[PDB]
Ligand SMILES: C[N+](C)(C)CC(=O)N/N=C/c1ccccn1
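First, one chain by itself: the form solved without this ligand, in structure tokens.
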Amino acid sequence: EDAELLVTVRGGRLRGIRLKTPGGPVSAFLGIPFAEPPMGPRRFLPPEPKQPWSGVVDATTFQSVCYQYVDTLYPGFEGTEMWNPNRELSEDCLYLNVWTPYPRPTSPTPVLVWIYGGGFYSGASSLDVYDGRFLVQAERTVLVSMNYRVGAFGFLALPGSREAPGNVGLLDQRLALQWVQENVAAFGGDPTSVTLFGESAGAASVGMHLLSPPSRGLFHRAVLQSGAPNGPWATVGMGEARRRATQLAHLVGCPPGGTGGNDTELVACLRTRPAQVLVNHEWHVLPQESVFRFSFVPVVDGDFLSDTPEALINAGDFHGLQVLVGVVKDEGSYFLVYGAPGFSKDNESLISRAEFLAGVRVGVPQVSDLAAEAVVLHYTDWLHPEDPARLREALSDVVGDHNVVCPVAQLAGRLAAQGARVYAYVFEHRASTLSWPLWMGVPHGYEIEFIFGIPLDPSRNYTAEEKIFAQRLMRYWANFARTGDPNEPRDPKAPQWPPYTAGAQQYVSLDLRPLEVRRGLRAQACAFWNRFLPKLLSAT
């Protein structure tokens, strides 16, 4: 019996579990409810806080995954199954988890809140690659992670209506942040040192919380990994949201008979349908064939988001905030096997000039033919315009720059130029255990396992250099959480990680090699995406 594993919070008591790490034990509290189950009449509505409970809630295992699509493109393949749900699917899924060092810290400890990615259509906090036991044990911080609603259940929006207002998945995250405010002190946490961090759609969410006033007062630092709220895939307008919501209703038989019709009676019909029925038609509402586009994402409503994320980044003040931001080397490769012609996981994907011209249409959807011509102009190597290997890397960079790198570099510059101290990285190491083919390089999402210290797990087959690389990255992230500065405070013998400024544009390469300061985050390419291509679309 340990008094460490019995905690009282505002709602009741919890029984935790003690986990082993190669270098010490850690207390965990997996499956804590922070909201009433959004089932039946609550589907599509904002979350209500959990009513207090009598007795002791068992918090020894992860709760259910939120209802989501399950990838089946490559069954039995490690590269895809590692992101698929490892628990049962249920709309009863609003639960968070807390990791804490053993023994519990006696002084207030910085808290790290993780928001998982998954294109706003998938993801769970229970994935093996988000295990916070290694980061908590080694750097003696407090880690909190949550489940938020994804897909139609979290982002179906009929704007104006109040039966399905939209962005309820973002409200699921905000409620979990208020929970950390009201309750993290019971676990040894400091409600005055909260660092949000996420990846992909999690990094976009972290960014959208920077831009929503009610959420701004709930955290103090931010880490955005391979994502940004200004990405072309992260938001939609009220009109397109209404269209996608309406066609999803039609595909599942709503409304029955004539279309009418009240938004009230359309949502009423959607609430009667089984959850799996809505999931099976989620991809049929995309307007065109495209990679890196998702059906139900945050909407610009006027409530949670006052304006477009690009507008609020420009007309904002970010003094006193510190932000860590970065991308991986090959951001766009992972998405090319999901629709781009000529691409396969199981061959070299040496595409022809014709397939490259068609892939540009899938990688940059809804563009004038002239805008398509300009992309082909900037990314072709006109000395070898038909080298398939070079065409392969080009389309990967087209998707990577358009969706991740350049929206990130856009946001990074505007933050430093408006108060915030910003540090930037580029993750360049390819894990030895990576199951994707060699030509994909360092794909989207494969820095997470090093940040969470997964290579320290003895059951894994990582190399000794990567274990050292893991603790080094865990040091950086934890230092940023405590001090707002990833540099080791009491250490002038280590390479300095200089801030990212709008003029010098300095970043570092995270690798098995020591730090290496570079300049320009795809500077020449992103000037096309951020400066010229907007004007080329204002032609017509």
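Note that the rigid core is defined as the largest set of C-alphas that superpose within 1.5 Å between two forms. So that there is no doubt, residue numbering starts at 1 and follows the sequence shown.
Another form exists, solved in complex with this ligand; not displayed. Remarks below refer to it.
Asks: Open or blocked, can you tell me? Superimpose the site C-alphas, put this ligand where it sits in the deposited bound form, and call it blocked only if 3 or more of its atoms are within 2.4 Å of a backbone or C-beta atom.
Replies: Open, going by where this ligand lands after superposition on the site C-alphas.
Asks: Can you tell me which of 87-95, 136-144, 115-123, 315-323 lies within 4.5 Å of this ligand in the deposited bound form, counting heavy atoms only?
Replies: Heavy atoms within 4.5 Å of this ligand in the deposited bound form occur in 115-123.
Asks: Non-hydrogen atoms within 4.5 angstroms of this ligand in the deposited bound form: do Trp99, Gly132 and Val184 all have one?
Replies: Per the other structure, none of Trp99, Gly132 and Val184 touch this ligand.
Asks: Which of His220, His444, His429, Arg244 has a heavy atom within 4.5 Å of this ligand in the deposited bound form?
Replies: By the 4.5 Å criterion, the partner-contacting residue is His444.
Asks: Using a 4.5 Å heavy atom cut-off, which residue among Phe153, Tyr334, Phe469, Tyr379 comes into contact with this ligand in the deposited bound form?
Replies: That would be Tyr334.
Asks: Residue-level question: is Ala420 within 4.5 Å of this ligand in the deposited bound form, judged on heavy atoms?
Replies: It does not: once this ligand is placed as it appears in the deposited bound form, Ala420 has no heavy atom within 4.5 Å of it.
Asks: Consider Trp233 of the chain shown here, and say whether it contacts this ligand in the deposited bound form, taking contact as heavy atoms within 4.5 Å.
Replies: It does: once this ligand is placed as it appears in the deposited bound form, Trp233 has a heavy atom within 4.5 Å of it.
Asks: When the contact criterion is heavy atoms within 4.5 Å, does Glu199 count as touching this ligand in the deposited bound form?
Replies: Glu199: contacts this ligand in the deposited bound form.
Asks: Taking 4.5 angstroms as the cut-off for heavy atoms, does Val291 touch this ligand in the deposited bound form?
Replies: Answer yes; at least one heavy atom of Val291 falls within 4.5 Å of this ligand in the deposited bound form.
Asks: Can you tell which residue in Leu512, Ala502, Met39, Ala494 has its CA shifted by 2 Å or more between this form and the one not shown when the core is superposed?
Replies: The one that moves 2 Å or more is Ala494.
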